[PDB]
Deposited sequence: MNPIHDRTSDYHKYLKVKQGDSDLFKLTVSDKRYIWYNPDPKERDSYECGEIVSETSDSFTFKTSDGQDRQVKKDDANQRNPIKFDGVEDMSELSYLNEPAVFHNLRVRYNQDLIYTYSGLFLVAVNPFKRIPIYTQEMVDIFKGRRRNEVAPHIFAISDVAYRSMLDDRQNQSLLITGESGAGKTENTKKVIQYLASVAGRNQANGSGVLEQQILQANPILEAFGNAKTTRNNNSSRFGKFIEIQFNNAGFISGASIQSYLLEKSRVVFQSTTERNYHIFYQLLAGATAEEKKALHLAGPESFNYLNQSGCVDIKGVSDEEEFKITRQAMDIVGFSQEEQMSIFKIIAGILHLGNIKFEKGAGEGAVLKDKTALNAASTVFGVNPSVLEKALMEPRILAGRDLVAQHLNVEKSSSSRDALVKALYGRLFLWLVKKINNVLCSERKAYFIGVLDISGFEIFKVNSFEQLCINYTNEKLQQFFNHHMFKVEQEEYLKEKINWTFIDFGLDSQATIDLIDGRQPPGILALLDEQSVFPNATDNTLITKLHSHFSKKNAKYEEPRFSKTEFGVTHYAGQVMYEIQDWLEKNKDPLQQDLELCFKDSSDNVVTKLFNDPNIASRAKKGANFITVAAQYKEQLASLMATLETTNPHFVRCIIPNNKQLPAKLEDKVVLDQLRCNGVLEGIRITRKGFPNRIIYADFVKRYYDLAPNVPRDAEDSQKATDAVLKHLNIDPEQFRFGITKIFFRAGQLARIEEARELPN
């Protein structure tokens, strides 16, 4: 039994290695320590200083260097006793200060223990290297085990969700959030894998197979991750009342369409582009008019056309086969690629103007190329691009567009194609796997946590808006659960949210929506409306001292400065009607769907923001009906390196993600809640007349306490556990046998 076999890899890779002793004694020491910032500017960098003396009010300690300093006991960051180094739950620490928390995390990461609980959360730090704890044998071990019976692992929380589901006859949710490259996706895939195994394969296969299809089209190499998810997702894993997988459904959000037409240096476009160009038969290429990526504008601009340790051709085979599995007819497959192909060509169109001011097409090659694969009409396309008829009152007149404008329209078309296509694939897949008549589900949410970049635009507001809601959800959740526990033993975000989504008074989005109806409004009208309503008027809002295009929002994670550029266009997400027209006629069977199906070609008249808001509310509604599970995925550094855990990088995430807050709150009450028997077995020796093994654990606990003369205000007799305030258990742990 691996859990019992100290030689098992389970032990090796999931546990702190255990020696031959239980004995409290080993850990004996006289030294006390504190965590101090050896540089008060750089406050996340801490060093451990031994307390060489104390006053009634402060402590005096020596630094690394031998530099004595002093601190107020109240400002002190007491170091937990070494026995606590490596605990599986931060809820077990007595001193619950930030440096303390990072240290426990760090001690673990140094032994390659990437999973740690913090109360309700499962903290997962990216290892940036392989750790073989996701095997089938690894799976087998988590089966039916309680949180407390096994080591922290993603499989563990997935097991608990599954049992709870079966046992409470209640739907479940796993919310996996954090920074780009933190490993949300990786964990997400593990949760599914696990469920597929405990509860499962034909459907299973298709279910599994759906992923790769989505990652090809929705994932790309960015500077933060080689396989970044450019869309958020909610996976609903469906079960029948017997606890077997009955189906699945996928909800996608915020796909980054812009990446299609543009990519930052060293980044790539979505994977599919390269896989196609790489894995397409020499005879498929021809039919498709394809060359190397270098031959395409949409792919030859970033400098990067390949990912190390990645074969696009091998990957393409893998994508194609996945589609094969799920059920895309070859016919389908073709058009998909044809679309990918068409899109490529569209990007290759060079607009020229000088004949006038309005643009023209000297070379119809790329144009012809695109139209062909799309099955649309080149002359209609051509016109639709440079000479759209536009409603100007009563009259409908063809406008002759310049290059820029012409070029931007072409781009808009590309992005609609891509977005709609993505949508369609999602639909197609749900069709296959999805259940009308399902009994229970476990939904997995894999999306970014708060985003605070150099530049923050409309998308960051959206994501950060979702994030305030999820944080408020946690908070409420924590509240109820903390109350129950306390109860079982006889012992805001609204303002931000409103600023964003308020109706009356209007919040940011309502203002944006308002501005949206006016063909001639501008970024400047928009930002001015915003400041007019909120500058010095809304406590969560900040009008910048000098920038005229930005504004600040005080979020849960702190202030975020947004820039308004293009918001009006993003909100409306315009496409010339003639292009729709053009494409609505397409002779391609997949193409006609993207444009003829309202569920695909349209919103609801509603804006992008209104749609975002609505989908977030549905999401929350669903979540509200589940028993939730929280996973905080943490990136260790910004360099994609193993064995390199940077306190500043780390601390900042724990600050933003709700981990440290959860603890600060929890710290104020009775953080340590131990089982009577558990307490006694380790401390019996501290009092006179206590056998490790006592039938009356509670009485026994009182003896030690009393023997020790602990301050009764510091502890709390629960019906089954002893509750201890912060520091208490440490002191205790610090007592003589």
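TODO: Compare the deposited sequence with the modelled residues and state the ranges that are missing C-alpha positions.
DONE: In sequence order, the gaps with no modelled C-alpha are 1, 202-208, 500-508, 622-626, 760-762.
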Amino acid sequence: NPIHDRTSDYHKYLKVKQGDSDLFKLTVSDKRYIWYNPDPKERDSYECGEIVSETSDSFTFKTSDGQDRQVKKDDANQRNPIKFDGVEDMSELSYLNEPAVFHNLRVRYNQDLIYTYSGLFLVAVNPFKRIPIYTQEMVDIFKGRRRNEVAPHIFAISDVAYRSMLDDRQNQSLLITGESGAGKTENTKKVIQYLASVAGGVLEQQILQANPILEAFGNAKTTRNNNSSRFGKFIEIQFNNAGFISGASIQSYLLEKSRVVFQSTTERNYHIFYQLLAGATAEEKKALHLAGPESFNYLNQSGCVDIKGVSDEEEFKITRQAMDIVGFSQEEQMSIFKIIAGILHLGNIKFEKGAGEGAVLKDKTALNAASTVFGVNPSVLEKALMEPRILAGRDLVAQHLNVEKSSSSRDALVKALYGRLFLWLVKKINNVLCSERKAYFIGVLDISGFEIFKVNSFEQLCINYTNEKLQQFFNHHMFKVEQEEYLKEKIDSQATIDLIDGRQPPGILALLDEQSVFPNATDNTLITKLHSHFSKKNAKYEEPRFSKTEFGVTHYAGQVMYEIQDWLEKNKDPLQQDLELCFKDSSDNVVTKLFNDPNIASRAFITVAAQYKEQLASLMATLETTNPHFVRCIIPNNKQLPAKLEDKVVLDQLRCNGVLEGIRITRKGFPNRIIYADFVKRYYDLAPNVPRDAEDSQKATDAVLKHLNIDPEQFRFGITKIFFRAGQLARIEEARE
From here on, numbers count along this sequence of modelled residues.
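Task: 475-483 set against 213-221, stretch whose average Cα temperature factor tops the other in the entry - done: The stretch with the larger average C-alpha B-factor is 475-483.
Task: Residue stretch of maximal mean CA temperature factor, 259-267 vs 239-247 - done: Higher mean C-alpha B-factor in the PDB entry: 259-267.
Open item on the list: Given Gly279, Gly419, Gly181, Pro127, identify the residue with the highest C-alpha B factor in the PDB entry.
Closed with: The listed residue with the largest C-alpha B-factor is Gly279.
TODO: In terms of CA temperature factor as recorded, identify the highest of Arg230, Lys548, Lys490, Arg320.
DONE: When the deposited C-alpha B-factors of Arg230, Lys548, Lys490, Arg320 are compared, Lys490 is largest.
Task: Assigned third (lowest, middle, highest) for the C-alpha B factor of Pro388 - done: As the PDB entry reports it, the C-alpha B-factor of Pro388 lands in the middle third of its chain.
Task: Chain-relative CA temperature factor third for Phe715 - done: It belongs to the highest third of the chain when residues are ordered by C-alpha B-factor.
Open item on the list: Among the modelled residues of this chain, does the Cα B factor of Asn171 put it in the lowest, middle or highest third?
Closed with: Answer is lowest: the recorded C-alpha B-factor places it there.
- [ ] Classify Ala439 as lowest, middle or highest third according to the C-alpha B-factor given in the PDB entry, relative to its own chain.
- [x] Highest third, going by the recorded CA B-factors of the chain.
Task: Relative C-alpha B-factor of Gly292, binned into the chain's lowest, middle or highest third - done: For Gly292, the deposited C-alpha B-factor lands in the highest third.
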